[PDB]
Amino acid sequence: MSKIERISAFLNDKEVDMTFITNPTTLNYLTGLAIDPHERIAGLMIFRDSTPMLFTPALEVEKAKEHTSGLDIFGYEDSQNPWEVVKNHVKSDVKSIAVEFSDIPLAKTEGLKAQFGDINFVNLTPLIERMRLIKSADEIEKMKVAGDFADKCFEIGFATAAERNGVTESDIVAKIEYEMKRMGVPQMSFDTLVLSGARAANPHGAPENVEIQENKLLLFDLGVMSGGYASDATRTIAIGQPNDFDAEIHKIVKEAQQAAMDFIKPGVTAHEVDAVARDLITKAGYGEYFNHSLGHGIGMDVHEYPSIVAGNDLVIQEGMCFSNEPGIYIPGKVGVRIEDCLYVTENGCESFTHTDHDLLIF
């Protein structure tokens, strides 16, 4: 199949003249263009039967020619009316435009009305989402790199905590993000969390500049962006010997996350995936301290679909990428979460991270 013709198909299905695709992730998804226009206008225009068009800001125009996807391309100088400029590159004649209802500002939506008239708008986002839901092999390979970087992050974070010597959570975080940015990593995919001890039991918490508690556990939630794709991974380890309680809390979570992993294959339902991790934890008595969903989808964002939640009966299919991250957070005592993100394969599933799941001691 073609991604752009799938959209084009949809346009003909819905009697929609063109699209004005504005979301940055979405343009990267559809064309390979990593562009942030900020205040200034950009938009991908896919037609029913007509060459697709790429409106970018003039300074951005030719490194959109680079990354060239048979797309036409044209810009505007920070002086003309973007919308006027676009009305005249479109040679007649528009009454319906599919837009990303999620993303498109009402100014952009009003610029187009000014030049094109009383137009209908149709929400492209659901199709985009449906497309993004299943990852092609290129997409999977780029995610595995992000996952590699996460595993590299765990080594760093573990090593850096073992050294103690008054080391704080903030210290861990920075040393991790430093080695990452050092290796060309453009940014993390979410705020790195190092939570020590009872503070890990607060899912609200974030790393402060506090010392690491000895003989307690330490939570590690981190992820990289690599090539516009996301990784998300958690590990909890022991700084020093654990107490026999937090050690079993880890065991329950760990088997839980491992049992869900052994379960996942095409045919199962997210609800059932959630149920496997959930049922074995509640059985152990901790169900009341596991009050987020088992997982979220991952791709170009740390959060997309499918959602692995009790209500959701979606049948898991080959190519879906989602996390699997059970937890037990006992306010004031311990918090343990073991997060892997995986991809469903023809026969089961494979993981994007590979660090040991065991309660390692440092």
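Just count from 1 along the sequence shown to find any residue number.
In this entry, 83-91 shows the higher mean Cα temperature factor of the pair 226-234 and 83-91. Taking the mean C-alpha B-factor of each stretch as recorded, 61-69 and 43-51 are not equal, and the higher mean is that of 61-69. Comparing the C-alpha B-factors of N291, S136, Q258, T192 in the entry, the top value falls on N291. When the C-alpha B-factors of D221, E129, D274, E77 are ranked from the entry, the top spot goes to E77. Ranked within its chain, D17 lands in the middle third, by CA B factor from the PDB record. Among all modelled residues in its chain, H357 ranks in the lowest third by Cα B-factor.
In the PDB entry, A201 places in the middle third of its chain by CA B-factor.
Per the deposited record, the Cα B-factor of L30 falls in the lowest third when ranked against the other modelled residues of its chain. Annotation for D151: C-alpha temperature factor in the lowest third relative to the rest of the modelled chain, per the entry.
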